[PDB]
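Same chain, two versions here, written out as structure tokens and called structure 1 and structure 2.
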Structure 1
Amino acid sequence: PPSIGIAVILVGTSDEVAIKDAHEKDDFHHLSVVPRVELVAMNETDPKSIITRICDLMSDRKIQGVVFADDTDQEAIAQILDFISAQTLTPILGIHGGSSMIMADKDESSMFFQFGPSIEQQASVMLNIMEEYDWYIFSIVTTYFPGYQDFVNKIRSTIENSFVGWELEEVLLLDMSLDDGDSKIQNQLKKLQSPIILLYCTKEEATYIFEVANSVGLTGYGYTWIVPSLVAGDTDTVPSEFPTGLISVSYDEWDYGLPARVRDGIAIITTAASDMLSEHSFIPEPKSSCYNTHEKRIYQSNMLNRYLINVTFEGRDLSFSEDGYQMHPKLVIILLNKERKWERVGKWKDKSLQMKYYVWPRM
């Protein structure tokens, strides 16, 4: 069988050896096409470094697809990858780190897919948590970080269509594209009454927001804050501003390790290529250049997407949504305990919530 190039790009320290091992199911591609995998190390995660690295790869070698993992909390990495994906029409999987942090409104032409939960799924996991503990009275805080509308909408849709006595008291929209010298954000947060607050924003934004919220007495006992995966981010990095008792939905590498993720990435791209080749007797030619994409564009498309989203491997459904998220991730509910360590306190699995505690111990 013919070989397709797949770059695996790794930012920050990782066991390359352990990674190359999990892919020894390389004897486990019996498809129309076999992966030629190339581990590539990257040091930097600015836009230039990321663009030039991937474009250099694409020019030196024929790359059908990119598997990308990093060890940062930089959600902009996903945005950069979607952009590159759409411009070059190359499959990119963001499987770990900033690269997997929710990127809402991916480009029409994007072939960028992320491990981890959609926004709407996390919204619903939050309401399920709140329902378990009969916390029916709550407020929402977001920034303008993309997705915040989908988050608020999904909450609102859910609660207005149920007979549970939900009370959404207040929705705050914080503008952190301007400086906060007039104490605007303090003044907005001072409005908050509810004993539950849902917060949608980035990890960096949450760091400032919590600092302010502390100053006006909103983080102690009596207030429980609940945040999505990207706010917890890398759970070994805990800002001092984060309040103990913070709850988060998480997909940071708990049971689904990087080696297994890289292997599933390679499988997804390889299976998709085989499926397309089987049906159409071609696959898309790898772009030889980033820098010629304007010419070459009537000759390219995102055809491979239809297949990229519908892969099963070793009898596991690795489907993506059309919005570019994992379909059925096993989510982990985590709590920031008194030692400022994140602690497993429940699972979301088979669209069902199983929580460790029936009553919350003090935090």
Structure 2
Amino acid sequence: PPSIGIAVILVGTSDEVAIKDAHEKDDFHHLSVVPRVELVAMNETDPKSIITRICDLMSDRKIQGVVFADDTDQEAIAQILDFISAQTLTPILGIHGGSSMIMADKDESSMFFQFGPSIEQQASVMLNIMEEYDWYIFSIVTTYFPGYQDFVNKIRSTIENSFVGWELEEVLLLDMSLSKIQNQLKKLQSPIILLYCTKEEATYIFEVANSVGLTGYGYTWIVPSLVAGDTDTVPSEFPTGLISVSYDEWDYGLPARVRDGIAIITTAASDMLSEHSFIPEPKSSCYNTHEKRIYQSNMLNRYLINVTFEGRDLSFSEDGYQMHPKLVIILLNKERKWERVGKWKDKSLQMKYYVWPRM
């Protein structure tokens, strides 16, 4: 019978996932392809251990798709996953963690997809939140983290052509390497500040700003889902009164994300088998790649891109982000815990507070 080998790699998760033994030879939601899911749990959590582990695994076993989750703030994992996907022409889904943090510079040949919001979609949500409370005067601070230009250009885009009273005061670009930063942050006027950067960079940028008094009352910082990250890990240096977009497993838990990864890869193999009477072979080397099986791969990609499952639209954009994620807006409260203050689902923002709290 027709069957696709899928690997599920969970990395540093307290969260527990249980999947049918592959030996069951059991169909998955009536799809014509039968998944052979290999669960792999990882004790180790550094990028090097992960490439070593995933590559060893493609060499040793017959894998044609990879579902990957991690519980860390290590965006670097997304770089590794992209490379591997490109090298092997295998679909790789980054369903949670550092693996799903926005990666702007994806190889156009990789079939690496991330769950959650594109960089633009988050820029858009950030402006939605600000309009819902007539926060119209604001500044942007970014680092050099890839995506930063796509961030600003999306703000400037939606702002320049609209008859709302938007006013972009300053736009900063920070160099994280050495304190000539202090002099740049000191130049910040506006009460709303949009910050694009990494969790790591954020925690240092805050500490500096905390000590220029651009934190606290009268200043609101809005930040992208990667800066929140693992919401159980809150840097001492993050200011209470911090708003962030987020996708850190509030309503959509790991087992549901894994179920969904399997469905995407398995629907795609099914739809392709339907039309072309065949399915891409397993590639077995991240490195020594005789891999000019390029025509086949490209074909799969048309299908991964458009999957729909249990009524959910799981389709992906060209840049490799999820088209329609259901996001949560969160707030860093006085007890220094992240708190739900909103929701978003197909251009519909539902905020929780009537008057914005004082934190």
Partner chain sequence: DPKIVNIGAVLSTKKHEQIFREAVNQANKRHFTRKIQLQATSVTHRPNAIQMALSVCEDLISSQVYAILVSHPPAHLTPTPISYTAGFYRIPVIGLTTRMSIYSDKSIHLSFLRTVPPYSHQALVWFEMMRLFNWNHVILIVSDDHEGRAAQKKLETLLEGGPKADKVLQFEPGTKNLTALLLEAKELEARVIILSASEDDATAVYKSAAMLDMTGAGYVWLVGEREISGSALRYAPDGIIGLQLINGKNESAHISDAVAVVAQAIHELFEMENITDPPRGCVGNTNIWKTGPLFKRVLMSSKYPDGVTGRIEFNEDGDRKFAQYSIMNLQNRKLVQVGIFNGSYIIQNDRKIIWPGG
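Here the rigid core means the biggest group of C-alpha atoms that line up within 1.5 Å when the two forms are laid on top of each other. Reference numbering: structure 1, starting with residue 1.
The chain as displayed in structure 1 is taken from the form deposited with its partner chain bound. For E339, a C-alpha deviation below 2 angstroms is recorded between structures 1 and 2 after rigid-core alignment. Fitting the two forms on the rigid core leaves the C-alpha of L39 displaced by under 2 angstroms between structures 1 and 2. When the rigid core is held fixed, the Cα atom of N302 travels 2 angstroms or more between structures 1 and 2. Core fit done between structures 1 and 2; CA of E24 shifted by 10.6 Å.
CA movement of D15 between structures 1 and 2 equals 4.4 Å, with the two forms superposed on the rigid core.
In the core-aligned comparison between structures 1 and 2, the Cα atom of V238 sits 0.3 Å away from its counterpart.
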